[PDB]
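Read the single chain below, which is given as structure tokens and is the form deposited in one PDB entry.
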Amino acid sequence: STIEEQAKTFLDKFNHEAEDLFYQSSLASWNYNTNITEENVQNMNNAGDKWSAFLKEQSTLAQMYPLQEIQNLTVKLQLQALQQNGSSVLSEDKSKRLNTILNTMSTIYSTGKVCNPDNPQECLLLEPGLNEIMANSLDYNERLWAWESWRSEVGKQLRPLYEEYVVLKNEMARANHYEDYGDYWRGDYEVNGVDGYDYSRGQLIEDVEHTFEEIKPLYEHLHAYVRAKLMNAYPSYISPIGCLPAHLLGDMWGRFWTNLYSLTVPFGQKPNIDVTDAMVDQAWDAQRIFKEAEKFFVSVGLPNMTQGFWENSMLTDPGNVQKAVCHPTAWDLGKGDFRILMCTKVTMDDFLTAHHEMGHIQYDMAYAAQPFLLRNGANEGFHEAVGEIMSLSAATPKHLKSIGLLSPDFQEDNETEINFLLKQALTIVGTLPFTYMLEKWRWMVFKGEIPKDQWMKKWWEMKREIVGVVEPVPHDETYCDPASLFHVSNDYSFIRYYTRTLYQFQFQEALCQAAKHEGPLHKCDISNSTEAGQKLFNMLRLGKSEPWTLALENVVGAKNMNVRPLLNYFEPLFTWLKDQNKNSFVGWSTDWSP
């Protein structure tokens, strides 16, 4: 019995008991989320503790199979995903300290409030209050006050805490046969063992840098356009040759620019296309939206979903009683049980997110045949890419006319798709520089290039250099502005979104190129095209079994990240932006200072 032949028996018992302990844990989590009650929380906690104990025991037992004697690629991948030491490499006291500091970071980000304005009687919670006050506001003073208050209340309490968290995570990564925590995070965009399709973390860094370098002009033109629009909206607040203040970038974090569409309408005389009125006029229920989405998926070529998806999964708000969480999530329980947890409303956004989660569900069914440890996207950027190509295909006006919701008498003029492209760019290309800047800053902080005593200055200088937004007020070294982000404070990788966009646009371009479509890229539709469905399903069924450098080529044709599909997707928008900012300044400079 060779090592590769005993590896396979251990991995088989792991697969069986792990599938049982996940359907148990996932069912408990679903029961909690659908019905929040003390016994539900206790049951979910017990199931999670059992699952974590089983994972720890199996990880300890899997250390006896070295990877040097393993020849099969799938078995090697499963063992690599199972042999990770994780946070158990630290000392018991250090591990407990790390868990406690992560927990208090999460609980202080979640429970943070802004009682600074006026009297402490009105404590503005972040989720209902801060997002609402940052989505729309015509006063500079209130936005600046809220932004500064939140940033101060976060940094002044989490600066030493974040330093301790960084030190502990760096020590864990170093003890985990790695270089730093950024290297540990990048250790998932890594392929080694097969010739021709290989990847490295340094290769990932170089690829991200090159993609951003070749994507810079489009984002620069968009930034100039939005700066001019805000100058028109805001008198005497921005410099003609300087970066615009960060706190006006729609969302407070500046991650998404979707909220700036109100002040940046290319054509106010032509309203954006909406389906809410036609949907309520047709008396569409929460079930009909999913029925039509499933019909679209079947027309593409993907299979139907079982009655267990309809009877078990809940799609409507359960009323005042049985409180739940309205976070649209696609659940893969583990054993033929696929559910979506969302409160479907009669809106365009809910209609599109139904397809977005339904695509994740289709991905789950596609890779359900793979072993337990290979039931994921080839990297973290595949699931959301598939969901987003589903949303893009489902949002095309021709698909809306085909589904019968839109009136066939409606006509398309350049203003319509130019507004659609601007909205897509504000949603998509406006989050790439921010994601890249944040991930680079975290990578260099964990690596050690950025000194601990100099964090805020370098972060803001990077913000000027890459994103291009100035500080509304100078910040000293006793601040932890990046920690205000949910992903940074909760120990989450952020390159997922950059990778997601750069994969989704390649996927859409390749799929609709194989659908025999002639015309603009933004009007591409996968509906009623079995060839594109088969081409996508070939990659979908792979899961994490084969390297992402191969799965990307299997559907697109290239083994690396690309920007040309993203660039020519916004090609009409690119020409319009070029023709717009003629007399206005091009580019931003760091010479601006208050």
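Heads up: residue numbers just count along the shown sequence, starting at 1.
The same protein also has a form solved in complex with a partner chain, omitted here; what follows describes it.
Contact with the partner chain in the deposited bound form, defined as a heavy atom within 4.5 Å, is made by none of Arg288, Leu426 and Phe505. For the chain shown alone, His327 is a contact residue for the partner chain in the deposited bound form, at least one non-hydrogen atom being within 4.5 angstroms. Looking at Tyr178, you'd find a heavy atom of it within 4.5 angstroms of the partner chain in the deposited bound form. The partner chain in the deposited bound form is not approached by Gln454, whose heavy atoms all lie more than 4.5 angstroms from it.
Though the partner is left out of this view, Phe22 does reach within 4.5 Å of the partner chain in the deposited bound form, counting heavy atoms only. Only one segment in the set 426-434, 366-374, 219-227, 238-246 has any non-hydrogen atom within 4.5 angstroms of the partner chain in the deposited bound form, and it is 366-374. Contact with the partner chain in the deposited bound form, defined as a heavy atom within 4.5 Å, holds for exactly one of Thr347, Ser152, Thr258, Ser106, namely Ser106. Between the partner chain and the residues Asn562, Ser527, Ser29, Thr549, the one pair within 4.5 Å by heavy atoms in the deposited bound form involves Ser29.
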